[PDB]
Amino acid sequence: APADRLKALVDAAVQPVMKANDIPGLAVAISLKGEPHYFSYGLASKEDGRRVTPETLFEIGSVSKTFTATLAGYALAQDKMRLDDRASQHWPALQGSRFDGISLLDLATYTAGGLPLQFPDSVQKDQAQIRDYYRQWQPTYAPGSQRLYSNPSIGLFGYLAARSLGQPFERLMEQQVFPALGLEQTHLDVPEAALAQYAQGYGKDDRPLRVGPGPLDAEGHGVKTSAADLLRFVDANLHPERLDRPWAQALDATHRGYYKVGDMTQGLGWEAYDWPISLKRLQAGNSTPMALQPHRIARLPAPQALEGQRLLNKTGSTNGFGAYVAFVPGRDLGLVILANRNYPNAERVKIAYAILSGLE
Ligand SMILES: *[B]([O])([O])[C]([C]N1[C]=C(C([O])=O)N=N1)[N]C(=O)[C]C1=[C][C]=[C]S1
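The sequence shown runs 3 to 362 under the deposited numbering.
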């Protein structure tokens with residue numbers, strides 16, 4: 003039976019990796035030719051024995067950047083900003099700073115000139131500290147030349163997209179983006195009524211961890227969602243034409259590549275590969291050196307449509323959680339893997355590759 007074959011494929015991909023990485027709980031959701039399939043493993047909380055289900059809420063860390071990119075896509079569709087706008091055109095506090103010379107595209111795609119992975123520890127979640135951090139920041143190298151994966155970079159992109167729409171980022175996401183995408187189990191700030199669904203995270207020590215407040219955390223890494231809601235967002239990405247037209251345009255804006263580093267083409271949020279490609283190459287594109295070191299970009303002469311024979315993906319983590327999303331536009335195939343351990347990207351990609359190769 004096809005259902006027995008699917009469950010055997012997903013079990014064989016997931017179970018050894020959960021054992022090898024001591025993952026307490028893991029949710030898979032698959033979209034295959036317009037039908038969803040769910041597989042749930044292990045414990046949302048080791049302490050209280052709550053099992054993972056497709057409704058369990060996980061922190062998805064940097065997968066949040068695809069939601070940030072979608073809000074920016076909506077600002078672009080509404081003609082409220084353009085990617086070649088200078089960042090200081092959207093925040094007067096930045097006028098006179100080096101953000102006079104940095105584009106929204108540079109911020110979105112991590113090419114502003116060396117904004118670091120994280121805000122420094124000296125910058126708390128405080129509007130004045132964030133403002134002052136950007137006012138004083140000076141590039142290490144020319145804007146537009148080198149990719150250095152960065153929360154302050156795409157965080158400021160999201161913040162400025164929200165300013166272009168005249169409302170706070172968190173409010174726009176809750177009141178406009180999540181409803182437009184049909185997401186009722188997706189949160190920046192989990193309601194008290196929903197906490198029973200919120201999995202516990204387990205740190206590299208095996209200590210308990212849900213994410214603490216940080217500067218521009220909503221824009222960079224703040225989403226909590228279920229495997230079922232995150233697959234609804236994958237299905238929106240696979241079929242933008244099913245949404246009302248402004249939101250279809252917003253999703254299309256996240257499917258445009260601006261430059262290549264190795265095998266990876268960088269979009270807004272999404273990172274793309276040719277498909278098929280080897281597992282080792284997909285792991286290398288999602289490697290620690292790709293995330294932590296600067297890489298010279300190969301700029302495309304015009305944006306490339308991220309569609310057809312391609313895999314679009316994003317990794318995301320917090321101290322206690324590890325998420326991965328991948329989809330293949332030309333095959334109507336999508337995958338979500340949510341776990342309550344920050345386990346290596348390479349292992350997330352190994353599960354995903356086994357499943358996507360077996361769906362074929
Ligand atoms: B994201 O998920 O890419 C982003 C950056 N990041 C850091 C790590 C890591 O150290 O393993 N993984 N991803 N996520 C965040 O900045 C949120 C946090 C990462 C660890 C604690 S908070």
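Positions of the beta carbon are idealized from the N, C-alpha and C atoms, including for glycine.
From which residue to which residue does the alpha helix (DSSP H) around residue i run?
i	result
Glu349	347–361
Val236	229–240
residue 363	Here the chain has residues from 3 to 362 only, and residue 363 is not among them.
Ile132	129–138
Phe69	66–79
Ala220	219–223
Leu284	281–287
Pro291	290–294
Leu107	106–110
State the DSSP-derived secondary structure class of residue i, mapped to helix, strand or coil.
i	result
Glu186	coil
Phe180	helix
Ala3	coil
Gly271	coil
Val192	coil
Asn315	strand
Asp246	coil
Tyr151	coil
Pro145	coil
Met175	helix
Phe159	helix
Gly27	strand
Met266	strand
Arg53	strand
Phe121	coil
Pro18	helix
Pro215	coil
Tell me which same chain residues have a C-beta within less than 6 Å of the C-beta of residue i, skipping the five on either side of it?
i	result
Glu186	none
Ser166	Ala77, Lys82, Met83, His92
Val351	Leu284, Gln285, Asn288
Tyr200	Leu59, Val192
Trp277	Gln311, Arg312, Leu313, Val330
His189	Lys226
residue 1	Only positions 3 to 362 of the chain appear in the structure, and residue 1 is not among them; the question remains open.
Does the distance from the C-beta atom of residue i to that of residue j stay below 8 Å?
i	j	result
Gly318	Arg343	no
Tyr260	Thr111	yes
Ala163	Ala77	yes
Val65	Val236	no
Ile132	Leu28	no
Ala300	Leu314	no
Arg298	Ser147	yes
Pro154	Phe101	no
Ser33	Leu233	yes
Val12	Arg149	no
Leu361	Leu335	yes
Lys316	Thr142	no
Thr70	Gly160	yes
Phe171	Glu221	yes
If you follow the beta strand (DSSP E) that residue i is in, where does it begin and where does it stop?
i	result
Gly44	37–44
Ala328	323–330
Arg301	300–307
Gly336	335–341
Near residue i, what residues of its chain come up, given a Cβ to Cβ distance below 8 Å and the 5 sequence neighbours on each side ignored?
i	result
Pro145	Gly103, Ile104, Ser105, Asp108, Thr113, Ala114, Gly115
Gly75	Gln251, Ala252, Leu253, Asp254, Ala255, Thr256, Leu270
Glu309	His257, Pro331, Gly332
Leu183	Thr72, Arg234, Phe235, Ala238, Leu245, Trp249
Do residue i and ligand 3 come close, with the Cβ less than 7 Å from some heavy atom?
i	result
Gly146	Looking at this structure, you won't find ligand 3 anywhere; what it does contain is ligand 1.
Report all residues from its chain with a CB closer than 7 Å to the CB of residue i; omit the five preceding and five following residues, and keep chain order.
i	result
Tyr355	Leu281, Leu284
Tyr43	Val16, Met20, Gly27, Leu28, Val54
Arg209	none
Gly63	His223, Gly318, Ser319, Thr320, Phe323, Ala325
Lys127	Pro215, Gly216, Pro217, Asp219
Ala95	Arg133, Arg137
For this session: Report yes or no: do the stretch 235–248 and the stretch 276–290 share at least 3 C-beta pairs separated by less than 8 Å?
Result: no
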